[PDB]
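Some notes on the structure that comes next.
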2 protein chains.
Amino acid sequence: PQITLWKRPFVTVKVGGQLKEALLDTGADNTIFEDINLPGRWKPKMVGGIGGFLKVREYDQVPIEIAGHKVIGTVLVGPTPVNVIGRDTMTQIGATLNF
Amino acid sequence: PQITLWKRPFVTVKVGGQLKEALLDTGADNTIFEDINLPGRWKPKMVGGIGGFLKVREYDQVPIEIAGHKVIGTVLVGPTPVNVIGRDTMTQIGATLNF
Ligand SMILES: CC(C)(C)NC(=O)[C@@H]1C[C@@H]2CCCC[C@@H]2CN1C[C@@H](O)[C@H](Cc1ccccc1)NC(=O)[C@H](CC(N)=O)NC(=O)c1ccc2ccccc2n1
Ligand SMILES: CC(C)(C)NC(=O)[C@@H]1C[C@@H]2CCCC[C@@H]2CN1C[C@@H](O)[C@H](Cc1ccccc1)NC(=O)[C@H](CC(N)=O)NC(=O)c1ccc2ccccc2n1
Ligand SMILES: [Cl-]
Ligand SMILES: [Cl-]
């Protein structure tokens with residue numbers, strides 16, 4: 001699809017077997033969710049942004065379906081106010097900005 | 001242009017009289033700079049991000065040039081780690097996210 005930006009660009013994704021919504025974010029390096037439970041091991045990571053840093057769990061090679069496509073990549077989990085799909089995932093579905 | 005997302009999507013912008021660079025950020029509501037100086041009075045404003053809330057200066061009706069499109073918008077000046085072009089400016093140049 002072609003998405004205008006008059007509203008925040010959320011999309012449906014499936015991760016860990018659950019349907020979630022997340023913000024398509026061209027400014028973010030990373031992909032992060034609040035309250036999803038993933039299997040397998042994780043490693044601690046800190047991510048920074050406006051206002052400071054977030055302590056998260058990093059899970060590697062996680063399948064995400066976004067809203068229709070299969071991506072495998074890194075997923076962060078921590079107490080974020082919003083789920084975000086960052087460039088690490090969006091490059092794998094060929095997302096582009098156009099103007 | 002049509003911009004892929006393998007690198008961070010920075011663009012050249014002229015804000016006030018000054019050439020700067022900033023991140024095209026579909027996950028940001030606002031346009032925020034740290035390294036510009038704008039004249040005159042400003043209004044206090046608070047913005048949120050992943051880590052908490054920051055105090056910024058709001059300057060109204062500021063000219064912004066990006067990719068040859070000259071627009072007039074609200075520019076915030078605050079302790080952001082990265083200059084960001086948010087959806088408020090991107091909608092004015094007709095930017096879309098596509099996949
Ligand atoms: C933006 C922030 C998330 C705070 N990250 C950083 O500031 C990291 C932190 C790292 C650990 C501590 C020591 C410094 C390194 C490198 N910095 C990068 C920082 O010092 C450096 C500033 C700079 C820019 C241009 C020319 C010279 C210097 N940025 C850079 O070199 C490149 C610029 C680019 N176009 O990619 N940017 C980044 O490295 C950077 C990293 C994460 C980001 C996440 C989201 C959005 C933008 C992000 N930009
Ligand atoms: C989410 C995460 C992966 C941690 N990445 C980032 O946060 C990186 C960090 C980078 C270095 C510092 C400068 C910003 C860049 C780009 N950001 C992405 C960037 O897109 C980021 C994503 C985001 C949105 C909403 C809430 C939190 C976080 N947007 C923002 O930080 C913008 C800033 C603003 N006020 O315009 N925030 C918002 O637009 C915004 C909207 C609604 C909100 C509701 C509650 C609380 C905070 C809310 N913030
Ligand atoms: Cl959700
Ligand atoms: Cl990020």
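Lettering and numbering for the structure tokens are positional, with chains as A, B, ... in the shown order, residues counted from 1 in each chain, and ligands counted from 1 in the shown order.
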Worksheet item: Any idea which chain B residues end up within 8 Å of chain A if we count only C-alpha atoms, as a VMD selection string please?
Response: chain B and resid 1 to 6 8 to 9 23 to 29 48 to 54 80 to 81 84 87 to 88 90 to 91 93 to 99
With C-alpha atoms retained, export the selected residues as a compact mmCIF listing (two decimals), in the first residue's frame.
# COMPACT_ATOMS: atom_id res chain seq x y z
CA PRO B 1 12.70 10.70 -4.65
CA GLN B 2 11.99 7.14 -3.64
CA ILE B 3 14.08 6.35 -0.54
CA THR B 4 14.97 2.80 0.65
CA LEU B 5 15.62 2.35 4.37
CA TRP B 6 18.92 0.46 4.51
CA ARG B 8 18.99 6.18 8.20
CA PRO B 9 16.95 8.52 5.94
CA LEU B 23 15.97 12.34 9.99
CA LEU B 24 12.74 11.60 8.04
CA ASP B 25 10.83 10.02 10.95
CA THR B 26 7.37 8.60 10.34
CA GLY B 27 7.20 7.61 14.05
CA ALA B 28 7.50 11.30 15.16
CA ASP B 29 4.58 13.66 15.43
CA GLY B 48 7.36 12.67 24.68
CA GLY B 49 9.50 9.82 23.46
CA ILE B 50 10.54 6.40 24.55
CA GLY B 51 12.34 7.47 27.75
CA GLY B 52 10.15 10.24 29.17
CA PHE B 53 9.37 13.85 28.36
CA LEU B 54 11.53 16.77 27.23
CA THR B 80 16.89 15.83 21.02
CA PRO B 81 19.90 13.59 20.24
CA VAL B 84 13.91 14.82 13.24
CA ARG B 87 4.78 13.80 10.16
CA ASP B 88 3.69 17.43 10.56
CA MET B 90 6.26 15.29 5.89
CA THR B 91 2.54 15.64 5.19
CA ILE B 93 5.62 17.76 1.16
CA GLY B 94 3.28 14.91 0.24
CA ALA B 95 5.48 12.13 1.58
CA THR B 96 4.15 8.62 1.69
CA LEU B 97 5.36 5.33 3.10
CA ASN B 98 5.00 2.56 0.58
CA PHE B 99 5.36 -1.19 0.54
Worksheet item: Which parts of chain B does DSSP call helix (DSSP H, G or I) when run on the backbone here, written out as a ChimeraX atom specification?
Response: /B:87-93
Fit target chain B, mobile chain A, all Cα in order, as an mmCIF file with N, CA and C atoms, in the first residue's frame:
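Result file selection-v8.cif:
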data_model
loop_
_atom_site.group_PDB
_atom_site.id
_atom_site.type_symbol
_atom_site.label_atom_id
_atom_site.label_comp_id
_atom_site.auth_asym_id
_atom_site.auth_seq_id
_atom_site.Cartn_x
_atom_site.Cartn_y
_atom_site.Cartn_z
ATOM 1 N N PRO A 1 11.904 11.655 -4.609
ATOM 2 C CA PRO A 1 12.643 10.395 -4.665
ATOM 3 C C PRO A 1 11.915 9.243 -3.963
ATOM 4 N N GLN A 2 12.469 8.067 -4.232
ATOM 5 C CA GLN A 2 12.050 6.851 -3.567
ATOM 6 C C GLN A 2 13.189 6.410 -2.658
ATOM 7 N N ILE A 3 12.934 6.282 -1.371
ATOM 8 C CA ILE A 3 13.995 6.039 -0.387
ATOM 9 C C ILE A 3 13.814 4.661 0.215
ATOM 10 N N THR A 4 14.765 3.756 0.056
ATOM 11 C CA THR A 4 14.709 2.495 0.796
ATOM 12 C C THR A 4 15.164 2.722 2.228
ATOM 13 N N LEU A 5 14.989 1.729 3.091
ATOM 14 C CA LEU A 5 15.174 2.000 4.522
ATOM 15 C C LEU A 5 16.308 1.202 5.113
ATOM 16 N N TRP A 6 17.269 0.780 4.296
ATOM 17 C CA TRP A 6 18.422 0.021 4.803
ATOM 18 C C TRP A 6 19.358 0.868 5.636
ATOM 19 N N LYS A 7 19.275 2.174 5.401
ATOM 20 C CA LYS A 7 20.003 3.104 6.253
ATOM 21 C C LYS A 7 19.011 4.144 6.766
ATOM 22 N N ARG A 8 19.412 4.886 7.801
ATOM 23 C CA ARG A 8 18.483 5.876 8.341
ATOM 24 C C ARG A 8 18.186 6.942 7.305
ATOM 25 N N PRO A 9 16.951 7.307 7.048
ATOM 26 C CA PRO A 9 16.637 8.269 5.993
ATOM 27 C C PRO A 9 16.835 9.713 6.397
ATOM 28 N N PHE A 10 18.043 10.206 6.273
ATOM 29 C CA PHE A 10 18.326 11.615 6.489
ATOM 30 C C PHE A 10 18.148 12.431 5.218
ATOM 31 N N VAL A 11 17.745 13.666 5.410
ATOM 32 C CA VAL A 11 17.665 14.580 4.287
ATOM 33 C C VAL A 11 18.263 15.920 4.712
ATOM 34 N N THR A 12 18.723 16.671 3.706
ATOM 35 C CA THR A 12 19.185 18.027 3.908
ATOM 36 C C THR A 12 17.987 18.947 4.014
ATOM 37 N N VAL A 13 17.998 19.860 4.980
ATOM 38 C CA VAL A 13 16.953 20.874 5.028
ATOM 39 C C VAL A 13 17.633 22.216 5.303
ATOM 40 N N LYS A 14 16.929 23.261 4.906
ATOM 41 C CA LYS A 14 17.408 24.596 5.235
ATOM 42 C C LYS A 14 16.430 25.232 6.214
ATOM 43 N N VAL A 15 16.942 25.655 7.365
ATOM 44 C CA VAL A 15 16.054 26.261 8.359
ATOM 45 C C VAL A 15 16.771 27.398 9.051
ATOM 46 N N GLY A 16 16.143 28.555 9.258
ATOM 47 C CA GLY A 16 16.822 29.684 9.847
ATOM 48 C C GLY A 16 18.048 30.099 9.043
ATOM 49 N N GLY A 17 18.073 29.818 7.740
ATOM 50 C CA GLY A 17 19.197 30.205 6.909
ATOM 51 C C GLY A 17 20.373 29.253 6.930
ATOM 52 N N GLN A 18 20.287 28.134 7.652
ATOM 53 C CA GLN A 18 21.366 27.174 7.714
ATOM 54 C C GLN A 18 20.981 25.801 7.188
ATOM 55 N N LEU A 19 21.960 25.171 6.559
ATOM 56 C CA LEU A 19 21.717 23.824 6.042
ATOM 57 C C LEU A 19 21.954 22.862 7.195
ATOM 58 N N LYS A 20 20.990 21.997 7.377
ATOM 59 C CA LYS A 20 21.005 21.008 8.445
ATOM 60 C C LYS A 20 20.720 19.670 7.783
ATOM 61 N N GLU A 21 20.885 18.607 8.539
ATOM 62 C CA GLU A 21 20.380 17.296 8.191
ATOM 63 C C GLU A 21 19.402 16.815 9.244
ATOM 64 N N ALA A 22 18.415 16.057 8.806
ATOM 65 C CA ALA A 22 17.393 15.630 9.746
ATOM 66 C C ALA A 22 16.787 14.311 9.282
ATOM 67 N N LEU A 23 16.339 13.539 10.254
ATOM 68 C CA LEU A 23 15.764 12.218 9.999
ATOM 69 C C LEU A 23 14.310 12.291 9.558
ATOM 70 N N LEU A 24 13.955 11.740 8.405
ATOM 71 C CA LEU A 24 12.568 11.665 7.937
ATOM 72 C C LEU A 24 11.833 10.612 8.758
ATOM 73 N N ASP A 25 10.918 11.048 9.606
ATOM 74 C CA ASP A 25 10.401 10.133 10.599
ATOM 75 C C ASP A 25 8.874 10.010 10.581
ATOM 76 N N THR A 26 8.392 8.920 9.978
ATOM 77 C CA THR A 26 6.949 8.712 9.847
ATOM 78 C C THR A 26 6.314 8.421 11.208
ATOM 79 N N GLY A 27 7.153 8.122 12.212
ATOM 80 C CA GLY A 27 6.536 7.810 13.495
ATOM 81 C C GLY A 27 6.352 9.032 14.363
ATOM 82 N N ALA A 28 6.971 10.152 13.983
ATOM 83 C CA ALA A 28 6.916 11.348 14.826
ATOM 84 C C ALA A 28 5.809 12.310 14.437
ATOM 85 N N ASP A 29 5.102 12.836 15.428
ATOM 86 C CA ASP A 29 4.152 13.906 15.214
ATOM 87 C C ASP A 29 4.853 15.225 14.885
ATOM 88 N N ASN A 30 5.975 15.447 15.517
ATOM 89 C CA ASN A 30 6.646 16.734 15.613
ATOM 90 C C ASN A 30 7.976 16.788 14.876
ATOM 91 N N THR A 31 8.405 18.011 14.557
ATOM 92 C CA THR A 31 9.673 18.325 13.897
ATOM 93 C C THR A 31 10.584 19.011 14.894
ATOM 94 N N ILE A 32 11.811 18.568 15.114
ATOM 95 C CA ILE A 32 12.644 19.120 16.171
ATOM 96 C C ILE A 32 14.113 19.195 15.756
ATOM 97 N N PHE A 33 14.772 20.268 16.175
ATOM 98 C CA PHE A 33 16.174 20.474 15.904
ATOM 99 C C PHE A 33 16.913 20.784 17.213
ATOM 100 N N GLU A 34 18.192 20.440 17.170
ATOM 101 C CA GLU A 34 19.139 20.846 18.196
ATOM 102 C C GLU A 34 19.962 22.015 17.646
ATOM 103 N N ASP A 35 20.206 23.034 18.439
ATOM 104 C CA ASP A 35 21.049 24.160 18.068
ATOM 105 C C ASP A 35 20.733 24.739 16.693
ATOM 106 N N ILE A 36 19.599 25.426 16.647
ATOM 107 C CA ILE A 36 19.360 26.337 15.553
ATOM 108 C C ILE A 36 18.823 27.581 16.257
ATOM 109 N N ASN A 37 19.085 28.691 15.592
ATOM 110 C CA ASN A 37 18.613 29.907 16.276
ATOM 111 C C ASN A 37 17.606 30.521 15.316
ATOM 112 N N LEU A 38 16.398 30.623 15.852
ATOM 113 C CA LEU A 38 15.274 31.172 15.110
ATOM 114 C C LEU A 38 14.861 32.495 15.747
ATOM 115 N N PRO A 39 14.336 33.381 14.909
ATOM 116 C CA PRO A 39 13.872 34.678 15.416
ATOM 117 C C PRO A 39 12.427 34.627 15.900
ATOM 118 N N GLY A 40 11.994 35.711 16.556
ATOM 119 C CA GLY A 40 10.590 35.821 16.940
ATOM 120 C C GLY A 40 10.313 35.087 18.230
ATOM 121 N N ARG A 41 9.054 35.047 18.661
ATOM 122 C CA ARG A 41 8.813 34.444 19.983
ATOM 123 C C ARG A 41 8.616 32.937 19.889
ATOM 124 N N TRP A 42 8.807 32.254 21.011
ATOM 125 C CA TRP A 42 8.583 30.827 21.155
ATOM 126 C C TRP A 42 7.740 30.614 22.413
ATOM 127 N N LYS A 43 7.225 29.397 22.532
ATOM 128 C CA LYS A 43 6.509 29.037 23.753
ATOM 129 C C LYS A 43 7.010 27.688 24.240
ATOM 130 N N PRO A 44 7.017 27.469 25.546
ATOM 131 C CA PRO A 44 7.533 26.213 26.077
ATOM 132 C C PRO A 44 6.597 25.048 25.793
ATOM 133 N N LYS A 45 7.248 23.947 25.479
ATOM 134 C CA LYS A 45 6.522 22.723 25.181
ATOM 135 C C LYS A 45 7.307 21.547 25.754
ATOM 136 N N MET A 46 6.614 20.476 26.084
ATOM 137 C CA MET A 46 7.270 19.237 26.492
ATOM 138 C C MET A 46 6.917 18.147 25.499
ATOM 139 N N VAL A 47 7.901 17.386 25.033
ATOM 140 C CA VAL A 47 7.559 16.312 24.100
ATOM 141 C C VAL A 47 8.082 15.026 24.714
ATOM 142 N N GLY A 48 7.278 13.971 24.603
ATOM 143 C CA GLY A 48 7.712 12.697 25.139
ATOM 144 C C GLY A 48 8.108 11.698 24.069
ATOM 145 N N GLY A 49 8.968 10.749 24.428
ATOM 146 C CA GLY A 49 9.253 9.659 23.539
ATOM 147 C C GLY A 49 9.869 8.533 24.349
ATOM 148 N N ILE A 50 10.616 7.683 23.663
ATOM 149 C CA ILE A 50 11.261 6.575 24.368
ATOM 150 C C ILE A 50 12.284 7.127 25.340
ATOM 151 N N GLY A 51 12.122 6.770 26.596
ATOM 152 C CA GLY A 51 13.068 7.146 27.616
ATOM 153 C C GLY A 51 12.571 8.339 28.408
ATOM 154 N N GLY A 52 11.457 8.956 27.984
ATOM 155 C CA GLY A 52 11.061 10.122 28.772
ATOM 156 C C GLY A 52 10.805 11.360 27.954
ATOM 157 N N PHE A 53 10.783 12.494 28.643
ATOM 158 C CA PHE A 53 10.331 13.747 28.051
ATOM 159 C C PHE A 53 11.491 14.719 27.837
ATOM 160 N N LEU A 54 11.252 15.614 26.898
ATOM 161 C CA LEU A 54 12.137 16.660 26.457
ATOM 162 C C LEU A 54 11.431 18.015 26.621
ATOM 163 N N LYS A 55 12.127 18.944 27.266
ATOM 164 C CA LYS A 55 11.723 20.340 27.351
ATOM 165 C C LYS A 55 12.264 21.069 26.110
ATOM 166 N N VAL A 56 11.318 21.689 25.394
ATOM 167 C CA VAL A 56 11.694 22.343 24.157
ATOM 168 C C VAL A 56 11.051 23.727 24.063
ATOM 169 N N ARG A 57 11.557 24.456 23.088
ATOM 170 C CA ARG A 57 10.971 25.709 22.660
ATOM 171 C C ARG A 57 10.172 25.462 21.387
ATOM 172 N N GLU A 58 8.942 25.921 21.335
ATOM 173 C CA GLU A 58 8.111 25.795 20.151
ATOM 174 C C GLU A 58 8.063 27.111 19.364
ATOM 175 N N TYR A 59 8.494 27.034 18.106
ATOM 176 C CA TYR A 59 8.375 28.174 17.232
ATOM 177 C C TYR A 59 7.338 27.916 16.139
ATOM 178 N N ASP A 60 6.440 28.875 15.922
ATOM 179 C CA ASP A 60 5.332 28.624 15.008
ATOM 180 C C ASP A 60 5.575 29.313 13.662
ATOM 181 N N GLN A 61 4.963 28.819 12.609
ATOM 182 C CA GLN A 61 5.002 29.318 11.231
ATOM 183 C C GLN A 61 6.422 29.632 10.733
ATOM 184 N N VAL A 62 7.322 28.669 10.927
ATOM 185 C CA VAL A 62 8.716 28.712 10.546
ATOM 186 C C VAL A 62 8.914 28.158 9.134
ATOM 187 N N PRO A 63 9.552 28.875 8.220
ATOM 188 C CA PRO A 63 9.869 28.278 6.913
ATOM 189 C C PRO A 63 11.005 27.258 6.973
ATOM 190 N N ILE A 64 10.791 26.125 6.344
ATOM 191 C CA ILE A 64 11.762 25.067 6.205
ATOM 192 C C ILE A 64 11.853 24.722 4.728
ATOM 193 N N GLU A 65 13.025 24.557 4.179
ATOM 194 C CA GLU A 65 13.066 24.080 2.809
ATOM 195 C C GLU A 65 13.460 22.618 2.899
ATOM 196 N N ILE A 66 12.709 21.719 2.295
ATOM 197 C CA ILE A 66 13.106 20.323 2.539
ATOM 198 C C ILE A 66 13.242 19.550 1.245
ATOM 199 N N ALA A 67 14.386 18.986 0.931
ATOM 200 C CA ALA A 67 15.662 19.464 0.500
ATOM 201 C C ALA A 67 15.506 20.521 -0.607
ATOM 202 N N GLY A 68 14.399 20.475 -1.344
ATOM 203 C CA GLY A 68 13.977 21.475 -2.278
ATOM 204 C C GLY A 68 12.669 22.219 -2.112
ATOM 205 N N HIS A 69 11.755 21.859 -1.219
ATOM 206 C CA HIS A 69 10.425 22.452 -1.147
ATOM 207 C C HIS A 69 10.177 23.373 0.052
ATOM 208 N N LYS A 70 9.395 24.448 -0.139
ATOM 209 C CA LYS A 70 9.103 25.356 0.970
ATOM 210 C C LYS A 70 7.896 24.883 1.782
ATOM 211 N N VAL A 71 8.186 24.660 3.059
ATOM 212 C CA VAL A 71 7.142 24.351 4.016
ATOM 213 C C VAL A 71 7.128 25.391 5.128
ATOM 214 N N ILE A 72 5.945 25.761 5.597
ATOM 215 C CA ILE A 72 5.871 26.636 6.771
ATOM 216 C C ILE A 72 5.174 25.856 7.867
ATOM 217 N N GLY A 73 5.772 25.737 9.044
ATOM 218 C CA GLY A 73 5.097 24.955 10.070
ATOM 219 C C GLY A 73 5.746 25.167 11.421
ATOM 220 N N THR A 74 5.366 24.310 12.349
ATOM 221 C CA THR A 74 5.892 24.386 13.705
ATOM 222 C C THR A 74 7.230 23.656 13.828
ATOM 223 N N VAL A 75 8.199 24.292 14.464
ATOM 224 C CA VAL A 75 9.529 23.712 14.672
ATOM 225 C C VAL A 75 9.865 23.763 16.159
ATOM 226 N N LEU A 76 10.243 22.604 16.682
ATOM 227 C CA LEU A 76 10.678 22.536 18.077
ATOM 228 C C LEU A 76 12.200 22.592 18.156
ATOM 229 N N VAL A 77 12.693 23.225 19.223
ATOM 230 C CA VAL A 77 14.130 23.274 19.450
ATOM 231 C C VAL A 77 14.433 22.839 20.884
ATOM 232 N N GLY A 78 15.326 21.860 21.013
ATOM 233 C CA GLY A 78 15.683 21.390 22.367
ATOM 234 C C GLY A 78 16.861 20.427 22.277
ATOM 235 N N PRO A 79 17.323 19.946 23.423
ATOM 236 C CA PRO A 79 18.506 19.077 23.469
ATOM 237 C C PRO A 79 18.253 17.624 23.064
ATOM 238 N N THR A 80 17.807 17.422 21.835
ATOM 239 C CA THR A 80 17.602 16.143 21.174
ATOM 240 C C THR A 80 18.921 15.587 20.644
ATOM 241 N N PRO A 81 19.120 14.273 20.664
ATOM 242 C CA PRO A 81 20.335 13.680 20.073
ATOM 243 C C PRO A 81 20.274 13.706 18.543
ATOM 244 N N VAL A 82 19.118 14.016 17.940
ATOM 245 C CA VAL A 82 18.979 13.935 16.475
ATOM 246 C C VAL A 82 17.938 14.959 16.013
ATOM 247 N N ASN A 83 18.184 15.612 14.866
ATOM 248 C CA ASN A 83 17.147 16.435 14.257
ATOM 249 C C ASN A 83 16.133 15.533 13.535
ATOM 250 N N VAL A 84 14.856 15.814 13.672
ATOM 251 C CA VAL A 84 13.804 14.962 13.129
ATOM 252 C C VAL A 84 12.778 15.795 12.359
ATOM 253 N N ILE A 85 12.419 15.310 11.173
ATOM 254 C CA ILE A 85 11.335 15.830 10.374
ATOM 255 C C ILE A 85 10.126 14.910 10.589
ATOM 256 N N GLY A 86 9.096 15.407 11.248
ATOM 257 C CA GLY A 86 7.975 14.549 11.580
ATOM 258 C C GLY A 86 6.846 14.703 10.590
ATOM 259 N N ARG A 87 5.736 14.058 10.862
ATOM 260 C CA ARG A 87 4.601 14.054 9.923
ATOM 261 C C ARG A 87 4.023 15.436 9.679
ATOM 262 N N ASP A 88 4.129 16.317 10.665
ATOM 263 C CA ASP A 88 3.590 17.680 10.507
ATOM 264 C C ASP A 88 4.250 18.430 9.350
ATOM 265 N N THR A 89 5.509 18.125 9.098
ATOM 266 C CA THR A 89 6.187 18.717 7.956
ATOM 267 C C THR A 89 6.027 17.841 6.736
ATOM 268 N N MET A 90 6.188 16.519 6.879
ATOM 269 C CA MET A 90 6.184 15.645 5.720
ATOM 270 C C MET A 90 4.843 15.632 4.997
ATOM 271 N N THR A 91 3.711 15.802 5.681
ATOM 272 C CA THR A 91 2.446 15.884 4.929
ATOM 273 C C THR A 91 2.425 17.050 3.937
ATOM 274 N N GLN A 92 3.196 18.091 4.251
ATOM 275 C CA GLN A 92 3.127 19.272 3.383
ATOM 276 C C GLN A 92 3.938 19.078 2.124
ATOM 277 N N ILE A 93 4.754 18.032 2.019
ATOM 278 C CA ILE A 93 5.476 17.784 0.774
ATOM 279 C C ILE A 93 4.914 16.504 0.150
ATOM 280 N N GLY A 94 3.799 16.011 0.712
ATOM 281 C CA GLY A 94 3.149 14.883 0.058
ATOM 282 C C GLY A 94 3.865 13.568 0.215
ATOM 283 N N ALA A 95 4.621 13.420 1.288
ATOM 284 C CA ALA A 95 5.335 12.171 1.547
ATOM 285 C C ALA A 95 4.380 11.024 1.858
ATOM 286 N N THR A 96 4.746 9.840 1.336
ATOM 287 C CA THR A 96 3.964 8.636 1.557
ATOM 288 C C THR A 96 4.898 7.444 1.821
ATOM 289 N N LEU A 97 4.348 6.485 2.538
ATOM 290 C CA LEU A 97 4.971 5.196 2.688
ATOM 291 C C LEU A 97 4.327 4.199 1.729
ATOM 292 N N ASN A 98 5.185 3.389 1.127
ATOM 293 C CA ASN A 98 4.730 2.493 0.085
ATOM 294 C C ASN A 98 5.308 1.115 0.350
ATOM 295 N N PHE A 99 4.433 0.135 0.302
ATOM 296 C CA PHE A 99 4.968 -1.214 0.142
ATOM 297 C C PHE A 99 3.923 -2.108 -0.514
#
Worksheet item: Tell me, which residues of chain B carry DSSP strand (DSSP E or B), written as a ChimeraX atom specification?
Response: /B:2-3,10-15,18-24,32-33,43-48,53-66,69-77,84-85,96-98
